[PDB]
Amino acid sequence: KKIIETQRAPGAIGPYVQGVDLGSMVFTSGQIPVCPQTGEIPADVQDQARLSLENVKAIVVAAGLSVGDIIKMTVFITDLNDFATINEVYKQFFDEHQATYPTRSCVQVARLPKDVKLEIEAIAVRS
């Protein structure tokens, strides 16, 4: 067990760490669209989706991995009518990094911490 800590993803606002590196596998906390430098949450769902994904990227990178090493994500969201937009941002994010798409679950929950539109957790493997 090694704790992952990076200033490139928002600091924990609760009793959790950003990531844990087990050697073979890295787990992230659920990443919300909070900007790591300012603490702000962007209003637009496209911008939230991108920021949540960049926050996941920051943690995986801090472990010595990259987006292509992510093998499973869960995307908790507040509105499935956002699905198409979120998916386009998500596809572009992986495509940008020449990364195979991970396995995924996506469900619409009632509400999320800080009233964000999505929260994304990831599991990555060290090859």
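Quick note: we count residues from 1 along the sequence shown, nothing fancier.
- Between the stretches 45-53 and 95-103, it is 95-103 that shows the larger average CA temperature factor.
- According to the PDB record, 5-13 carries the higher mean C-alpha B-factor of the two stretches 109-117 and 5-13.
- Of the candidates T28, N81, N87, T38, the PDB record gives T38 the highest C-alpha temperature factor.
- Among all modelled residues in this chain, the alpha-carbon of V61 has a temperature factor (C-alpha) in the middle third.
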